[PDB]
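Asker: Okay, handing you the structure first.
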Amino acid sequence: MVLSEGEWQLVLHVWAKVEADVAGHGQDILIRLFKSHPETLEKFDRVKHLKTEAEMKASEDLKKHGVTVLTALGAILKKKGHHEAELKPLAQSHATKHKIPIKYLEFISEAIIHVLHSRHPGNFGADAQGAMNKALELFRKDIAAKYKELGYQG
Ligand code: HEM
């Protein structure tokens, strides 16, 4: 699948807003993920034991993870589809070290979309959301292909 330049512009335009507060958005997203799909919290050894949203908000490790996710994703989105190099080490660690099924990447995509909608309503109308969904689908499709090469496809 291929995004048009106009769809990339919509994606990179909200993303410039996200980057004003990387740590805050990373928290919101990972908390949304863990509340909506608690099975995902089990994958994170530093943070599995957290019981409430208040504990989550307080956690420095959760905040570090959030910043790590959003910084890596940002770097991918700014490639506008030319992201083969960036994807290789990410696919390898998530397939063979962490063991993250594709389904979980769908869940975090849903969390990203929810949080951008809440925090950026003026820059995240229907066409911008469509374009973000297309960019994240492209990311997932390319990761799934790499999982398969690596021997996992989960
Ligand atoms: C937008 C998608 C995602 C991005 C860009 C991303 C990126 C990263 C990065 C850059 C790291 C550190 C380097 C590495 O281990 O490769 C990491 C670690 C990790 N990721 Fe992700 N990730 C994503 C989604 C997920 C999801 C959905 C899960 C689990 C439900 C997950 C679980 C983990 C775990 C367990 C670690 C290791 C954390 C630790 O240090 O204990 N990732 N991820």
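Identifiers in this document derive from the order of the structure tokens: chains are assigned A, B, ..., residues are numbered from 1 separately in each chain, and ligands are numbered from 1 in order of occurrence.
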Using only C-alpha atoms, determine which residues lie at most 10 Å from residue A:127, disregarding the query and same-chain residues fewer than 3 positions distant; provide the list as a short mmCIF file (atom, residue, chain, number, x, y, z; two decimals) with N, CA and C atoms, in the first residue's frame.

Answerer:
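Wrote around-v9.cif, looks like this:
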data_model
loop_
_atom_site.label_atom_id
_atom_site.label_comp_id
_atom_site.auth_asym_id
_atom_site.auth_seq_id
_atom_site.Cartn_x
_atom_site.Cartn_y
_atom_site.Cartn_z
N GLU A 7 -1.51 12.51 2.25
CA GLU A 7 -1.77 11.71 3.43
C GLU A 7 -0.57 11.76 4.42
N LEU A 10 -0.74 15.01 6.41
CA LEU A 10 -1.71 14.97 7.49
C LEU A 10 -1.14 14.23 8.69
N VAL A 11 -0.42 13.14 8.42
CA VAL A 11 0.20 12.35 9.47
C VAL A 11 1.30 13.17 10.17
N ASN A 123 -6.74 18.85 14.79
CA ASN A 123 -5.80 18.42 13.79
C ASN A 123 -6.03 16.96 13.54
N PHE A 124 -7.13 16.42 14.02
CA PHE A 124 -7.32 14.97 13.85
C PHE A 124 -8.78 14.71 13.50
N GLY A 130 -7.94 8.91 9.03
CA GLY A 130 -7.81 7.96 7.94
C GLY A 130 -6.35 7.84 7.51
N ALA A 131 -5.69 8.98 7.35
CA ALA A 131 -4.33 8.93 6.93
C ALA A 131 -3.43 8.29 8.00
N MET A 132 -3.67 8.61 9.27
CA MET A 132 -2.89 7.95 10.35
C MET A 132 -3.13 6.41 10.42
N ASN A 133 -4.39 6.03 10.25
CA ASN A 133 -4.69 4.63 10.20
C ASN A 133 -3.98 3.93 9.01
#

Asker: Which residues of chain A have any atom within 6 Å of an atom in ligand 1 when counting only C-alpha atoms and all ligand atoms, and what is the closest pair of atoms for each, with the distance in Å to one decimal? Order the rows by chain and rising number and write it as a Markdown table.

Answerer:
| residue | atom | partner | partner_atom_place_in_ligand_line | distance |
| --- | --- | --- | --- | --- |
| A:40 | CA | ligand 1 | 30 (C) | 4.2 |
| A:43 | CA | ligand 1 | 35 (C) | 4.8 |
| A:44 | CA | ligand 1 | 35 (C) | 4.5 |
| A:45 | CA | ligand 1 | 41 (O) | 5.4 |
| A:46 | CA | ligand 1 | 41 (O) | 5.7 |
| A:68 | CA | ligand 1 | 10 (C) | 5.3 |
| A:69 | CA | ligand 1 | 7 (C) | 4.3 |
| A:72 | CA | ligand 1 | 5 (C) | 4.9 |
| A:73 | CA | ligand 1 | 5 (C) | 4.4 |
| A:90 | CA | ligand 1 | 16 (O) | 4.9 |
| A:93 | CA | ligand 1 | 16 (O) | 4.8 |
| A:98 | CA | ligand 1 | 35 (C) | 5.0 |
| A:100 | CA | ligand 1 | 29 (C) | 5.6 |
| A:104 | CA | ligand 1 | 27 (C) | 4.8 |
| A:105 | CA | ligand 1 | 27 (C) | 4.5 |
| A:108 | CA | ligand 1 | 27 (C) | 5.3 |

Asker: Tell me which of A:110, A:39, A:142, A:60 sits closest to residue A:27, counting only C-alpha atoms.

Answerer: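 Closest candidate: A:60.
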
Asker: I need the residues of stretch 47-93 of chain A that end up classed as helix (DSSP H, G or I) by DSSP on the backbone, written out as JSON, numbers by chain.

Answerer: {"A": [53, 54, 55, 56, 57, 58, 60, 61, 62, 63, 64, 65, 66, 67, 68, 69, 70, 71, 72, 73, 74, 75, 76, 77, 84, 85, 86, 87, 88, 89, 90, 91, 92, 93]}

Asker: Using only C-alpha atoms, please write the residues we just selected to a file, as an mmCIF file, in the first residue's frame.

Answerer:
data_model
loop_
_atom_site.group_PDB
_atom_site.id
_atom_site.type_symbol
_atom_site.label_atom_id
_atom_site.label_comp_id
_atom_site.auth_asym_id
_atom_site.auth_seq_id
_atom_site.Cartn_x
_atom_site.Cartn_y
_atom_site.Cartn_z
ATOM 1 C CA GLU A 53 -3.853 3.769 36.695
ATOM 2 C CA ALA A 54 -2.505 5.912 39.499
ATOM 3 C CA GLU A 55 0.437 3.510 39.866
ATOM 4 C CA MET A 56 0.904 3.645 36.095
ATOM 5 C CA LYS A 57 0.926 7.423 36.078
ATOM 6 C CA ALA A 58 3.550 7.429 38.758
ATOM 7 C CA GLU A 60 9.133 6.319 35.767
ATOM 8 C CA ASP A 61 9.791 3.050 33.887
ATOM 9 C CA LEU A 62 6.408 3.204 32.091
ATOM 10 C CA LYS A 63 7.203 6.804 31.119
ATOM 11 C CA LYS A 64 10.627 5.707 29.736
ATOM 12 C CA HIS A 65 8.991 2.963 27.699
ATOM 13 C CA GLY A 66 6.477 5.460 26.298
ATOM 14 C CA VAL A 67 9.230 7.813 25.163
ATOM 15 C CA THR A 68 11.096 4.858 23.554
ATOM 16 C CA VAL A 69 8.021 3.723 21.605
ATOM 17 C CA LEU A 70 7.125 7.197 20.337
ATOM 18 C CA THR A 71 10.682 8.109 19.396
ATOM 19 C CA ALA A 72 11.124 4.913 17.347
ATOM 20 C CA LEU A 73 7.663 5.308 15.722
ATOM 21 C CA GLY A 74 8.299 8.975 14.965
ATOM 22 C CA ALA A 75 11.538 8.052 13.159
ATOM 23 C CA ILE A 76 9.600 5.496 11.060
ATOM 24 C CA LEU A 77 6.767 7.866 10.165
ATOM 25 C CA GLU A 84 13.086 -0.815 5.649
ATOM 26 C CA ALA A 85 16.287 -0.115 7.681
ATOM 27 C CA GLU A 86 14.434 1.117 10.723
ATOM 28 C CA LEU A 87 12.132 -1.880 10.696
ATOM 29 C CA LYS A 88 14.718 -4.676 10.727
ATOM 30 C CA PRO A 89 16.055 -4.387 14.309
ATOM 31 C CA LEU A 90 12.557 -3.606 15.622
ATOM 32 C CA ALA A 91 11.004 -6.661 13.952
ATOM 33 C CA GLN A 92 13.838 -8.830 15.250
ATOM 34 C CA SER A 93 13.567 -7.809 18.865
#

Asker: Atom CA of residue A:12 and atom CA of residue A:78, how far apart in Å?

Answerer: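 Atom CA of residue A:12 lies at a distance of 7.1 Å from atom CA of residue A:78.
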
Asker: What's around residue A:9 at 9 Å? Count only C-alpha atoms, leave out sequence neighbours fewer than 5 positions away in its own chain, and write the answer as a list in words.

Answerer: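 In the requested format, the answer is residues 4, 14, 128 and 131 of chain A.
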
Asker: Please measure the separation of atom CA of residue A:32 and atom CA of residue A:49, giving the value in Å to one decimal.

Answerer: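 One can read the atom CA of residue A:32 to atom CA of residue A:49 distance as 16.5 Å.
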
Asker: What lies within 9 Å of residue A:147 using only C-alpha atoms, ignoring chain neighbours under 6 positions off, as a PyMOL selection string?

Answerer: chain A and resi 91-92+94-96+102+153-154

Asker: Using only C-alpha atoms, which residue out of A:150, A:2, A:112, A:20 lies closest to residue A:99?

Answerer: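 Of A:150, A:2, A:112, A:20, the one nearest residue A:99, counting only C-alpha atoms, is A:150.
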
Asker: Atom CA of residue A:116 to atom CA of residue A:97: how many Å, to one decimal?

Answerer: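 Taking atom CA of residue A:116 as the start and atom CA of residue A:97 as the end point, the length is 29.3 Å.
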
Asker: Of the residues A:137, A:145, A:5, A:119, which is the one nearest to residue A:21, using only C-alpha atoms?

Answerer: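 Closest residue, counting only C-alpha atoms: A:119.
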
Asker: So that I can check the surroundings of residue A:107, please list as a list in words every protein, DNA and RNA residue that reaches within 9 Å of it, counting only C-alpha atoms and ignoring chain neighbours fewer than 6 positions away.

Answerer: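 Answer for this query is residues 33, 36, 37 and 40 of chain A.
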
Asker: Those same residues, written as an mmCIF file, in the first residue's frame with C-alpha atoms?

Answerer:
data_model
loop_
_atom_site.group_PDB
_atom_site.id
_atom_site.type_symbol
_atom_site.label_atom_id
_atom_site.label_comp_id
_atom_site.auth_asym_id
_atom_site.auth_seq_id
_atom_site.Cartn_x
_atom_site.Cartn_y
_atom_site.Cartn_z
ATOM 1 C CA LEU A 33 -3.235 0.126 25.926
ATOM 2 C CA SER A 36 -8.025 -1.663 27.310
ATOM 3 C CA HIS A 37 -6.019 -4.873 26.916
ATOM 4 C CA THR A 40 -0.363 -6.668 27.058
#
